[PDB]
4 protein chains.
Amino acid sequence: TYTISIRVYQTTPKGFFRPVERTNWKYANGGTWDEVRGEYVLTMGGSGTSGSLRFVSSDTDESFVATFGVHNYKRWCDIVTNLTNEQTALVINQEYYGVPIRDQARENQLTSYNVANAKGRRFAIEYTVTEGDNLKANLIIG
Amino acid sequence: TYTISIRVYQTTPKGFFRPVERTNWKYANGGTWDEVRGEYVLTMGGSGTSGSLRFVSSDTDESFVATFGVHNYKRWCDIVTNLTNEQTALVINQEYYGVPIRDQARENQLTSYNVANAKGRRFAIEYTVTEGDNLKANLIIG
Amino acid sequence: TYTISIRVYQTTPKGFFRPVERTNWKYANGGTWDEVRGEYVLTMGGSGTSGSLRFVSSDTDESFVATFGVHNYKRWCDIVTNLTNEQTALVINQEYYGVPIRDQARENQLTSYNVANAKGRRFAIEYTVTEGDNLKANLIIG
Amino acid sequence: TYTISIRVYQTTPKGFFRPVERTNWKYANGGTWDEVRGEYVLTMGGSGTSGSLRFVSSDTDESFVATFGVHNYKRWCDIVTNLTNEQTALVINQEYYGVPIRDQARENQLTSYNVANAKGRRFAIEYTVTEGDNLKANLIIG
Ligand SMILES: [C]C(=O)[N][C]1[C](O[C]2O[C]([C][O])[C]([O])[C]([O])[C]2[O])[C]([O])[C]([C][O])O2[C]1O2[C][C]([N])C([O])=O
Ligand SMILES: [C]C(=O)[N][C]1[C](O[C]2O[C]([C][O])[C]([O])[C]([O])[C]2[O])[C]([O])[C]([C][O])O2[C]1O2[C][C]([N])C([O])=O
Ligand SMILES: [C]C(=O)[N][C]1[C](O[C]2O[C]([C][O])[C]([O])[C]([O])[C]2[O])[C]([O])[C]([C][O])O2[C]1O2[C][C]([N])C([O])=O
Ligand SMILES: [C]C(=O)[N][C]1[C](O[C]2O[C]([C][O])[C]([O])[C]([O])[C]2[O])[C]([O])[C]([C][O])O2[C]1O2[C][C]([N])C([O])=O
Ligand SMILES: CC(=O)N[C@@H]1[C@@H](O)[C@H](O)[C@@H](CO)O[C@@H]1O
Ligand SMILES: CC(=O)N[C@@H]1[C@@H](O)[C@H](O)[C@@H](CO)O[C@@H]1O
Ligand SMILES: CC(=O)N[C@@H]1[C@@H](O)[C@H](O)[C@@H](CO)O[C@@H]1O
Ligand SMILES: CC(=O)N[C@@H]1[C@@H](O)[C@H](O)[C@@H](CO)O[C@@H]1O
């Protein structure tokens with residue numbers, strides 16, 4: 001069993017991102033999302049799957065999907081923003097198992113990733129515990 | 001804009017179903033899930049999309065996916081249980097736009113549905129508000 | 001350290017009780033409330049304190065407070081309903097350390113308790129794990 | 001009826017503050033706490049009462065209580081930190097109706113307030129809507 005525990009940080013009172021969606025990819029017997037002590041906890045049965053969280057700021061017409069998983073026994077993460085209305089977490093999560101650019105992001109097995117949207121706001125994932133079954137990450141909204 | 005506000009009722013202290021997943025299908029400009037006053041609220045850009053909630057009772061090895069949406073300007077609902085490990089809400093939600101028996105449940109535009117798992121536990125959805133932009137449903141776990 | 005983990009069951013689709021308040025008494029170095037995998041978890045520093053949860057059904061103008069704690073190394077529980085508007089969980093929780101009938105309920109160290117409100121609705125607390133540091137209870141709304 | 005809707009911003013990936021308590025003072029027909037679209041909403045029957053939230057960062061031994069209310073038809077707010085183990089939100093909330101320095105903080109009817117703990121971390125409340133029945137505020141953890 002792997003877990004990925006996620007702490008969400010929102011660094012500026014400009015806009016407000018709320019949680020709107022959480023998905024589980026079907027590989028390795030799937031997975032679950034849990035709220036545990038104010039954290040998002042992704043539990044997976046083995047290596048080779050993932051889960052996504054979508055956040056939306058309606059004040060500023062902004063959004064992003066953050067995906068976390070384990071690929072060949074190492075954690076990975078990715079952020080996708082500049083989402084169309086058709087790009088829900090359900091769509092984005094699935095794409096990490098067929099779309100080349102998404103595949104590569106997952107294949108990179110990164111301990112940290114950051115990206116800016118069209119408005120120049122940065123989003124980041126940083127794993128604070130990068131090894132073992134029980135992984136920890138910060139999700140940082142700039 | 002459509003909303004569907006869901007009240008969850010767990011009726012018997014045998015096992016414990018917890019929320020593990022919430023998805024949004026991509027049609028009609030997507031949609032979102034919100035927690036509002038102890039209720040799950042699905043917001044949708046217009047007619048023709050849906051969202052799924054998955055619940056798991058790990059005590060008793062039981063689970064189900066409940067799906068809610070609007071089809072041709074009327075509400076619909078369905079429950080799927082006896083899930084394989086591969087059947088997350090991500091997977092199930094999509095099947096309502098291609099798989100014939102799932103297509104049928106959507107086309108049925110039901111105000112009320114119920115089914116049972118192989119263990120004999122019943123799951124039900126009853127809309128209490130069936131018309132208009134702001135719909136309401138009970139999700140009853142037996 | 002004691003923990004009491006609480007599963008809430010709402011048994012009838014008549015009215016809807018939503019969580020509105022969660023308090024901690026000051027004795028034994030206090031304590032915290034956490035949400036953990038869909039359950040309410042009361043964590044306390046040692047024996048001799050407690051915490052309260054209030055639920056409101058504004059549809060039917062019903063409310064109650066359920067209090068959980070440890071007194072002389074045994075778990076206890078109680079429910080107060082037919083609440084005035086001035087009887088928040090903040091108020092009720094404190095009454096268990098000065099008000100004689102509340103004191104008595106705490107001193108009973110019950111593994112289960114049930115009571116009916118003005119409208120004949122039954123509320124129940126039933127501990128499923130009655131011994132040790134990590135206690136479990138069902139909160140059942142009839 | 002007054003509402004105060006609160007958006008929480010945790011700005012710094014050092015330590016993690018989780019919600020552990022939410023209370024309602026008994027005056028003016030009391031009040032309730034709701035989770036609404038990822039925000040904390042305090043509802044109160046009229047002017048002259050309040051509610052408190054407590055947040056704890058176990059990793060760094062930090063905590064605080066943030067209190068919001070309406071005093072003589074104008075909003076107020078306060079933060080207390082450097083807490084003892086006996087100072088739960090239950091205790092702090094009610095000190096605003098008896099303890100002079102706390103009474104004064106409330107009598108100030110502030111639209112913004114900030115204070116630091118002994119470790120130098122700033123906490124802040126910033127009302128973004130300051131007038132009328134439905135007030136809005138940012139809670140910023142530095
Ligand atoms: C070990 C790992 O991680 N692997 C991976 C995978 O996962 C998998 O899947 C399968 C189906 O296919 C099953 O489910 C199992 O259980 C799991 O584990 C996948 O995910 C992939 C992506 O696609 O990746 C990885 O691997 C690699 C190899 N080479 C293959 O391809 O298989
Ligand atoms: C009106 C309605 O409801 N419709 C529907 C639909 O939805 C749609 O989709 C599209 C794509 O394709 C888009 O997205 C839009 O926006 C929406 O709205 C669909 O869903 C279907 C299912 O498949 O169903 C319904 O319909 C039928 C017909 N075609 C019509 O349209 O009417
Ligand atoms: C051990 C026990 O449980 N005890 C109890 C108590 O608690 C206490 O408190 C105190 C203050 O005062 C402190 O905080 C400590 O820490 C604790 O532990 C109390 O609560 C009481 C009630 O009031 O009860 C019990 O007890 C015993 C005797 N009997 C007396 O009373 O004291
Ligand atoms: C209007 C206002 O805000 N006022 C106030 C108050 O509140 C009140 O309280 C009472 C009892 O006593 C009752 O509950 C009612 O309902 C309410 O409204 C209080 O809070 C106070 C503080 O302590 O403050 C205010 O005021 C002033 C003086 N004290 C008088 O006026 O009385
Ligand atoms: C700005 C943006 O969202 N770009 C994303 C990038 O972050 C992600 O790594 C890549 C692979 O999924 O797909 C997009 O190009
Ligand atoms: C036992 C079970 O899960 N049955 C489901 C049924 O409830 C649902 O209406 C149908 C269409 O999606 O798919 C399955 O037959
Ligand atoms: C109907 C009702 O709520 N009665 C309660 C009772 O359940 C509780 O055990 C006792 C001590 O606190 O007093 C209260 O009034
Ligand atoms: C560091 C600290 O917690 N100081 C608080 C202050 O913020 C508050 O305004 C006052 C009134 O309650 O009580 C204390 O002095």
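First listed ligand is number 1; within each ligand, the first listed atom is number 1. All chains are named by letter (A, B, ...) in the order of the sequence lines, taking the proteins before the strands, and each is independently numbered beginning at 1.
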K.L.:
Geometry only, no angles: is D:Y97 polar-contacting ligand 4 at N/O separations under 3.5 Å?
P.N.:
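There is no such contact.
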K.L.:
For atom 6 (C) of ligand 1, which of the options A:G69, A:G48, A:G98 provides the nearest non-hydrogen atom?
P.N.:
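The residue whose heavy atom sits nearest atom 6 (C) of ligand 1 is A:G48.
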K.L.:
Out of B:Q104, B:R102, B:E95, whose heavy atom is nearest to atom 13 (O) of ligand 6?
P.N.:
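It is B:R102 that holds the nearest heavy atom.
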K.L.:
Consider ligand 6: state whether an atom of it lies below 4.0 angstrom from any non-hydrogen atom of B:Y113.
P.N.:
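Per 4.0 Å heavy-atom rule, B:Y113 contacts ligand 6.
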K.L.:
In terms of side-chain heavy atoms, does D:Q94 have a donor or acceptor partner in C:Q94 at a distance below 3.5 Å?
P.N.:
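Per modelled atom types, D:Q94 and C:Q94 side chains form a pair under 3.5 Å.
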K.L.:
Does an N or O from B:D78, backbone or side chain, lie closer than 3.5 Å to an N or O of ligand 6?
P.N.:
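Among all N and O atoms of B:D78, at least one is under 3.5 Å from an N or O of ligand 6.
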K.L.:
Should the pair B:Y97 and B:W25 be assigned to parallel (<30°), tilted (30 to 60°) or perpendicular (>60°) ring geometry?
P.N.:
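Ring orientation of B:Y97 relative to B:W25: parallel.
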K.L.:
To which protein heavy atom is atom 3 (O) of ligand 1 closest, and what is the distance rounded to 0.1 Å?
P.N.:
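Ranking protein heavy atoms by distance from atom 3 (O) of ligand 1, first comes A:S47 OG, 2.8 Å.
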K.L.:
Testing the 3.5 Å rule here: is there a donor-acceptor pair between the side chains of A:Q109 and A:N72?
P.N.:
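No - no donor-acceptor pair under 3.5 Å links their side chains.
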K.L.:
For atom 15 (C) of ligand 4, what's the nearest protein heavy atom and its distance?
P.N.:
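Protein heavy atom at minimum distance: D:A28 N, 4.0 Å.
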K.L.:
Within the supplied structure, the quantity of interest is the number of heavy atoms (other residues, nucleotides, ligands) at a distance under 6.0 Å from B:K119 NZ; does it exceed 12?
P.N.:
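More than 12 within 6.0 Å, yes.
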K.L.:
My question is simple, although I want it checked carefully: is atom 7 (O) of ligand 6 less than 4.0 angstrom from any protein heavy atom?
P.N.:
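So atom 7 (O) of ligand 6 has protein heavy-atom neighbours under 4.0 Å.
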K.L.:
Could you identify the single nearest non-hydrogen protein atom to atom 3 (O) of ligand 6 and state the distance to 0.1 Å?
P.N.:
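Ranked first by proximity to atom 3 (O) of ligand 6 is B:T81 N, 2.8 Å.
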K.L.:
Tell me the contacting part of A:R106 for ligand 1: side chain, backbone, both, or neither, using a 4.0 Å heavy-atom threshold, strictly below.
P.N.:
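For A:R106, only side-chain atoms sit under 4.0 Å from ligand 1.
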K.L.:
Of all the heavy-atom pairs spanning A:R102 and A:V80, show the shortest one and how long it is.
P.N.:
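Shortest heavy-atom contact: NH1-CG2, 3.6 Å.
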K.L.:
Between B:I79 and ligand 6, which part of the residue brings a heavy atom under 4.0 Å of the ligand: side chain, backbone, both or neither?
P.N.:
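B:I79 to ligand 6: backbone contact only, side chain stays beyond 4.0 Å.
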K.L.:
Looking at every heavy atom in both A:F123 and A:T81, which two are closest together, and how far apart are they?
P.N.:
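Of all heavy-atom pairs spanning A:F123 and A:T81, the closest is CE1-OG1, 3.9 Å.
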K.L.:
Among A:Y73, A:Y27, A:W76, A:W25, which one has a heavy atom closest to atom 1 (C) of ligand 1?
P.N.:
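Looking at heavy atoms only, the winner is A:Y73.
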K.L.:
Pick out which of B:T67, B:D78, B:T88 makes a side chain to side chain donor-acceptor pair (under 3.5 Å) with B:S52.
P.N.:
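Only match with B:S52 under side chain to side chain donor-acceptor pair (under 3.5 Å): B:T67.
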K.L.:
Identify the protein heavy atom lying closest to atom 4 (N) of ligand 6, giving its residue, its atom name and the separation to 0.1 Å.
P.N.:
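In this structure, atom 4 (N) of ligand 6 has B:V115 CG2, 3.9 Å as its nearest protein heavy atom.
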K.L.:
Could you list the atoms of ligand 6 found under 4.0 angstrom from a heavy atom of B:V80?
P.N.:
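So the atoms of ligand 6 that pass are 3 (O).
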K.L.:
Which heavy atom of A:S50 sits nearest a heavy atom of A:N93, and at what distance?
P.N.:
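Nearest pair, atom of A:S50 first, then A:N93: OG-ND2, 3.0 Å.
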K.L.:
Should the pair D:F55 and D:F64 be assigned to parallel (<30°), tilted (30 to 60°) or perpendicular (>60°) ring geometry?
P.N.:
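Parallel.
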K.L.:
Looking only at side-chain N and O atoms, does A:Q104 offer a donor or acceptor that is under 3.5 Å from a partner on A:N108?
P.N.:
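Note: A:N108 and A:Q104 side chains meet the donor-acceptor criterion.
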K.L.:
Just go through B:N114, B:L110, B:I101 and tell me whose heavy atom is the nearest to atom 11 (C) of ligand 6.
P.N.:
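It is B:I101 whose heavy atom sits nearest to atom 11 (C) of ligand 6.
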K.L.:
Kindly identify the option in B:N85, A:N72, A:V70 whose heavy atom sits closest to atom 27 (C) of ligand 1.
P.N.:
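Of the listed residues, A:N72 has the closest heavy atom.
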K.L.:
What residue and atom, counting heavy atoms only, is the protein's closest point to atom 24 (O) of ligand 4, and at what distance?
P.N.:
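Of every protein heavy atom, D:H71 CE1, 3.6 Å lies nearest to atom 24 (O) of ligand 4.
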